[PDB]
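Visitor: Dropping a structure here in structure tokens format, bear with me for questions.
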Amino acid sequence: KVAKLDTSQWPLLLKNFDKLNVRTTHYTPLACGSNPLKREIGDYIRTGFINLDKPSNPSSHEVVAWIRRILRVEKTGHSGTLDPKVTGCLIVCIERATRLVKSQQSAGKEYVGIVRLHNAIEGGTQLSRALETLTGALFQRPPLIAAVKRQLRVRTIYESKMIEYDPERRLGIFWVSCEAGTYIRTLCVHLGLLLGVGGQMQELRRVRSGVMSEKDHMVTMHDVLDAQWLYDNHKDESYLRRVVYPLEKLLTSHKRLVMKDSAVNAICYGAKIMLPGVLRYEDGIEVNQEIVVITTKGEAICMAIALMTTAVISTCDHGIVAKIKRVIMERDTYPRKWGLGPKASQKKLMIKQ
Amino acid sequence: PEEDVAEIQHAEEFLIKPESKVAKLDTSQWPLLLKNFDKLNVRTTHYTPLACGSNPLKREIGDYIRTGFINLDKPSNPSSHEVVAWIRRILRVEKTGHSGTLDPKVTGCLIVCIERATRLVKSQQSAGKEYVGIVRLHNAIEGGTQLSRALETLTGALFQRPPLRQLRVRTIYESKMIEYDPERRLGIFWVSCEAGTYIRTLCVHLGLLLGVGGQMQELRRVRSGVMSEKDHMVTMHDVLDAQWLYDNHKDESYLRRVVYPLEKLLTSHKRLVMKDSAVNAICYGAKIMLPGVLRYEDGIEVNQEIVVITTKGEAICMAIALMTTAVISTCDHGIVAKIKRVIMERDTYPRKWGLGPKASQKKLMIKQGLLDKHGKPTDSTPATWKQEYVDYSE
Amino acid sequence: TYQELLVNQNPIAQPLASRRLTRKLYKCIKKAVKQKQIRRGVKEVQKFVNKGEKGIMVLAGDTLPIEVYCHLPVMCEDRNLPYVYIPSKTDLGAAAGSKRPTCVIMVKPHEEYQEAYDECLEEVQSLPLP
Amino acid sequence: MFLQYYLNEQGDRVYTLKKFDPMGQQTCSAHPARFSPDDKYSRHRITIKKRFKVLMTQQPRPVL
Amino acid sequence: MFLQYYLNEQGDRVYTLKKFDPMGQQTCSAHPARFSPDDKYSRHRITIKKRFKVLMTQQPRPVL
Amino acid sequence: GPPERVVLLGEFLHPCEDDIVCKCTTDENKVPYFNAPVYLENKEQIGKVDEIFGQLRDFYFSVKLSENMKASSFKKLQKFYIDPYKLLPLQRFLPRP
Amino acid sequence: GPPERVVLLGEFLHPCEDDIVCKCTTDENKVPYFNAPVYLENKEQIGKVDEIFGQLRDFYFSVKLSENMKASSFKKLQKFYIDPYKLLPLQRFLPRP
RNA sequence: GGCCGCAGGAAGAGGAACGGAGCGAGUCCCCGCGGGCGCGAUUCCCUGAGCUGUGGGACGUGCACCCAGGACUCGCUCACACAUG
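Chains as they are written, first to last, in the entry's author numbering: chain G, 43 to 395; chain C, 23 to 186, 192 to 421; chain E, 23 to 152; chain J, 1 to 64; chain F, 1 to 64; chain H, 65 to 161; chain h, 65 to 161.
Next up, the structure:
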């Protein structure tokens, strides 16, 4: 029935693959990989992440500690700290997905918080104007830590919105879209100074962490514990495969570069991505741009830096398309198939002869 | 069904299957000078790209502004020199120029070139321009047919004199009557003309030719060469606001709608794609020789103005074609074009001349004393080299 | 005619005054014109609002281009001044005692006509955000 | 705590302080249930979430 | 300033001396707004152009 | 002690919980040091810079007042002055080229 | 880092045992801080003020040179510059009224 | 357009493994993290006007948290790969 599906309904990094530019259509397939969704449950978890809804008591490092007890894994990372009393979207990368943590930690966040004002204001419009004032690149003092005075720094707030105001309790809901490392507690203090009445952040929840949000694919800590239990006691993967998602779901925004099966293992060993191995390449690849390199089965091989643009790839016949930034896939997932090609064979032949 | 699609995604295997059909690209939607890159004639595919420059649209904001221009809608108080001085001050940039002087009270298309795009100002100043003005007649006329007949008469190569110098010739290609108002004796006219045509003078001549007398009430430029008033046109407020938004919100989005790269001005010209090794040579003032041509457009003719571009789509230089398309396809060596105006900076691309096979051969023979220090033949030169090597200095 | 003027309207012309509020505002302007309390045009209104005056700023919803006066709404919100858009430019100039259209006028309060001014001010302060 | 929400017609969370939405239904707490790592009631939650067809495995599968 | 215009079905300016279209609505002035370099209302213009979704960034992207 | 000279730091806006919020108006958009002494034009110390907030080119600051001072004393658009050595250039906070 | 500006400190006289003795020529006869960085007019640090000696209104100073500098490099009557904040007024050292 | 002066060149366009990866350590960056979890007995106390029963506290007691990344630098391992029509 896959034949009936339009390419727009293919999963993850194979979505809309027919609208990539085709360099060559010919290669020799190898029975090595799987589609990222059909990885054996062990491998699926080791290359996966959880879009967690963090609870309101523990610290974010305690939460990811609890996840690595439950799933019985050695490594986890967490897409930016939420403070102990803050809830919401916390991307927890597991094992080999921890290679992506910098891209997740540096992504744009969104928050929904409550500011409590210490005296009455004229109305909801006055709070709405103070939020418009604190849009754009703002000064914010990073809090003191271990008696180390960090200097004043700049963080951008992309959008702000005043959702509701209650004049009785002097409470105001705000929604903020902002750069990573923005202090929302500090924003509420400044919002209080700007109004003149004073203020504090009553409450906070993170509604987005870059690509993932609370809208879809989000799960609670009970689901994580519950899914593992069902696998341990009844040998059922079904629940775990809805809690954990493969790391390819975090990379769907990046520009793609599809490689032949021969090239895959070479790149995993630390070879540069050469042009003879490129099957397909996306529109809008620029120089020094971070791209995802994938297999024909949609598995992420590596995060690579492009040294050719889309147009340059179209004109050339050989050479370095991209250099590695970080290898995702393990060595020897695919077999060694390098040195077999025409020019590489000619080189080795003419050295011997 | 949404759920049926979701079920197939997890059940059945996906694979980009092998095929035997020829790989056909679609470059019709690629930006600027990379549009229809597929349709260029290919001389060779074999070269080493350098990864130094950028696609013109995706330059860093500093480099983007320095290699860019604004299709400005000029406001009605200041002079054209004052307007570009404001833009120079706003963008915090060293040099600025424009595509033709509009008088203080005239509005419309003013292509303000920024920094390294100011190398195109002579080409933009010489380009054909369209105006929409209002002639105010001193006395009444029978009807709008008479004023149209006067514009019909002044279509062609005309005598003109500047406002308050020598007599000058200026062609008006097309002219038209939009409408006429008998009450206030005002008539809107549209004229397409060459650069430096005086529209004040045209309004006086319309007045004399009719017999009633007249002058120019007001004027607006609707076209300046390639750019028009419906093509990406922007106001002084937008320019100020876009810079401010970049300063205060760190948002480049608005600047990139205001400013466009200079390559957008050159989209009409025929393209000659050079190899990355040849790029910096041409920037230093070399001849555009055949060994470095990757691709070349259809319908290049001799003495035609062509744009010479990199593989990334950057403009290197405007150039005069010495060879036809048919000659480039068949010849073994020679000079393909000569430089008219170098656009690209020196050392944008690295300095990679004299590394070739035939160039290295010539350097070796100069070291061996087989050629002279200035690369000229001797009596001792082999007849193979002396016959084959067509020195272009001649 | 009021409903016909909605066809001519400007993208930023909200909150628009109702048919009845438009009528009340014209008569408050005419009374203020007789006492010479109004300020007309962008140049004057911008100067006086910056200088420190307060009142009601009536904007014209037929104004194009918007760049002539689109800075004024935020100038009001900085100083908590009430503002409102009326449908026409030509009607604002006629009410202001001008034979040309006008894009903006600021009506200041006065003891002569506080009843009409208060009816307009409170209704304009009550206007919902778009 | 203070943050509540109700879903709009396209399934997006609409945050609010008020205990009732504009259609008179009760608003949910924005925050998830408090978690313990020493929770031993995994069997119990699966048992009745299966019974009432509200276990995560029984819902429509997400489109990826 | 006498020069006015109304937009055609094609999208281009039709210049005219009259203050109304053939289809009834008002013609816009052909000339752009007066500018002065001392202007310090960039924040103000952007602020409301964002609100009504008429800022140049929020429009459909041009064809290059 | 009292500095040799003082440069314009900013102007008084509304008070806020017994310290004073002030719009910053420095030449070259310079930014004050944290806990930098704030003076009136008579070179008398009124307080110290506590908070710095707002957009980069249009920022505010609160002043934690001295022992003897009260927030009710100051009038609207009253100017405050700072020792020019505990200012920093805006370029420091702007991103690296 | 490098200061925003530098003011005339003094001029080069003879070297003395691998540091340089300099006649002080400050405006208002201001006195430098001990271990205050000494710059050339290019805002490159040559050393630090080690000794200050001589009469109040006609005083000298030695400069302990930087790692890379040599005392032979400097010419006669070559000027040196200091960050104006690590100067002090002469009135401080003059007696109390 | 032309003339003069200064500066950079005096250019035939090269290179189908260049010079990589994965770990480990030291040092920076990141970095608001005594708090979090459980059980026991006088229903262990408590609908406090004090947060709070979808949880707050007292006393016993135990338990698990305080990373993971990136950059630079000096090791170990695996390669030194132009991708088989």
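We put the CB at the ideal spot given by N, CA and C, even for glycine.
Who are the neighbours of G:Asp85 on chain C, taking C-beta pairs under 8 Å?
Guide: The premise fails here: G:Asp85 is roughly 16 Å from chain C at the closest Cβ pair, so nothing lies under 8 Å.
Visitor: DSSP three-state label for C:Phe216, please.
Guide: Three-state DSSP puts C:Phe216 in a strand.
Visitor: Name, going along the chain, the residues of the region 173-193 of chain G whose beta-carbon falls closer than 9 Å to a beta-carbon of chain C.
Guide: Those would be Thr177, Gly178, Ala179, in chain order.
Visitor: Going by DSSP in three states, C:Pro384 sits in which element: helix, strand or coil?
Guide: Note: C:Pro384 maps to helix in three-state DSSP.
Visitor: Beta carbon of G:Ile87, beta carbon of G:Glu137: below 9 Å?
Guide: Yes, Cβ-Cβ distance for G:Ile87 and G:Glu137 is below 9 Å.
Visitor: Span of the alpha helix (DSSP H) holding C:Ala353?
Guide: 352-357 is the extent of the alpha helix (DSSP H) around C:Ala353.
Visitor: So, helix, strand or coil for C:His259, using DSSP?
Guide: C:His259 falls in the coil class under three-state DSSP.
Visitor: Can you list the residues of chain H that h:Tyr103 reaches, using a CB-CB cut of under 7 Å?
Guide: By Cβ distance, chain H contributes nothing, its closest Cβ being about 16 Å from h:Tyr103, past 7 Å.
Visitor: What residues of chain C sit near G:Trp52, judged by a beta carbon separation below 8 Å?
Guide: Per Cβ cutoff of 8 Å: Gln31, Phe36.
Visitor: Looking at the unbroken alpha helix (DSSP H) that takes in G:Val157, where does it start and where does it end?
Guide: Taken as a continuous stretch (DSSP letters only), G:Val157 belongs to no alpha helix (DSSP H), being part of the beta strand (DSSP E) at 151-159.
Visitor: When you compare each of G:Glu116, G:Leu236, G:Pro318, G:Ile309 to H:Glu81 by their alpha carbons, which one comes out closest?
Guide: Cα-wise, what sits closest to H:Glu81 is G:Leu236.
Visitor: Measure how close the beta-carbons of C:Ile362 and C:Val335 come, nearest whole angstrom, since I'm counting them as under 8 Å.
Guide: Contact doesn't hold; Cβ gap of about 13 Å is too wide.
Visitor: Which residues in the same chain as C:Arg110 place their Cβ atom closer than 6 Å to its Cβ, once the five residues preceding and following it in sequence are excluded?
Guide: Contacts found: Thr118.
Visitor: Output yes or no for whether 9 Å exceeds the beta carbon distance between J:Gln4 and J:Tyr15.
Guide: Cβ atoms of J:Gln4 and J:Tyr15: closer than 9 Å.
Visitor: Please confirm if H:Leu141 has its CB atom under 9 Å from at least one CB of chain C.
Guide: No - not a single Cβ of chain C is within 9 Å of the one on H:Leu141.
Visitor: Would you identify the three-state DSSP class for C:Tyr273, choosing helix, strand or coil?
Guide: Helix, per DSSP.
Visitor: Would you call the region 48-65 of chain E and the region 121-141 of chain E in contact, with 3 or more CB pairs under 8 Å?
Guide: With a cut-off of 8 Å, the region 121-141 of chain E and the region 48-65 of chain E count as touching, because enough Cβ pairs lie within range.
Visitor: Alpha carbon to alpha carbon, how far is C:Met254 from F:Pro62?
Guide: Their backbone Cα atoms lie some 14 Å apart in a straight line.
Visitor: What separation, rounded to the nearest whole angstrom, lies between the Cα atoms of h:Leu154 and H:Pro66?
Guide: Going by the C-alpha atoms only, they are around 15 Å apart.
Visitor: Which term fits E:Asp113, buried or exposed, when burial requires 16 or more other beta carbons within 10 angstroms of its beta carbon?
Guide: Buried is the call here.
Visitor: Verify the contact flag: H:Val85, CB atom, against every heavy atom of the ligand ADP, threshold strictly below 8 Å.
Guide: By its list of ligands, the structure shown contains no ligand whatsoever, and the ligand ADP lies outside what it can speak to.
Visitor: Please classify C:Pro185 as buried or exposed, where buried requires at least 16 neighbouring CB atoms within 10 angstroms.
Guide: So C:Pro185 ends up on the exposed side.
Visitor: Express the C-alpha separation of h:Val70 and G:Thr129 in angstroms, rounding to a whole number.
Guide: Their backbone Cα atoms lie some 52 Å apart in a straight line.
Visitor: Considering only C-alpha positions, which residue in the set G:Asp325, G:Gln388, G:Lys80 is nearest to C:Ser50?
Guide: Nearest C-alpha to C:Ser50: G:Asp325.
Visitor: Using the Cα positions of E:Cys142 and E:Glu26, report the straight-line distance between them to the nearest angstrom.
Guide: Roughly 23 Å separates the two Cα atoms.
Visitor: Taking the beta carbon of C:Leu47 as the centre, do at least 16 other beta carbons fall within 10 Å, making it buried, or is it exposed?
Guide: Classification for C:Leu47: exposed.
Visitor: Please name the residues in the region 332-363 of chain G whose beta-carbon is closer than 7 Å to at least one beta-carbon of chain C, in chain order.
Guide: Result list: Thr338, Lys339, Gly340, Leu349, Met350, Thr351, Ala353, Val354, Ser356, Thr357, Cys358, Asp359, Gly361.
Visitor: If you draw a straight line from the alpha carbon of C:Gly383 to that of C:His68, how long is it in whole angstroms?
Guide: When rounded, the distance between both Cα atoms is 14 Å.
Visitor: By DSSP, does h:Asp114 sit in helix, in strand, or in coil?
Guide: If DSSP states are grouped into helix, strand and coil, h:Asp114 belongs with the strands.
Visitor: With 16 other CB atoms within 10 Å as the buried threshold, where does F:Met1 fall?
Guide: With fewer than 16 Cβ atoms within 10 Å of its Cβ, F:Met1 is classed as exposed.
Visitor: Using a Cβ distance threshold of 8 Å, determine whether the region 362-373 of chain G contacts the region 330-349 of chain G, with at least three qualifying pairs required.
Guide: Yes, since at least three Cβ pairs between the region 362-373 of chain G and the region 330-349 of chain G fall closer than 8 Å, the two stretches touch.
Visitor: Beta-carbon of E:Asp113 versus every beta-carbon of chain F: anything under 9 Å?
Guide: Not closer than 9 Å to any Cβ of chain F, the Cβ of E:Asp113 fails to qualify, so no.
Visitor: Could you list which residues in chain F have their beta carbon closer than 7 Å to that of E:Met97, in chain order?
Guide: In chain order: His44.
Visitor: For a quick check, are the C-beta atoms of h:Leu151 and h:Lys87 less than 9 Å apart?
Guide: No; because the gap between Cβ atoms is not below 9 Å, this pair is not in contact.
Visitor: If contacts are defined as beta-carbon pairs under 8 Å, then G:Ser202 and G:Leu173 qualify, I think. What distance do you get, rounded to the angstrom?
Guide: The Cβ separation is near 4 Å, so the contact holds.
Visitor: With distances taken from CA atoms, which of C:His264, C:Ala73, C:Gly84 is nearest C:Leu94?
Guide: Nearest C-alpha to C:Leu94: C:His264.
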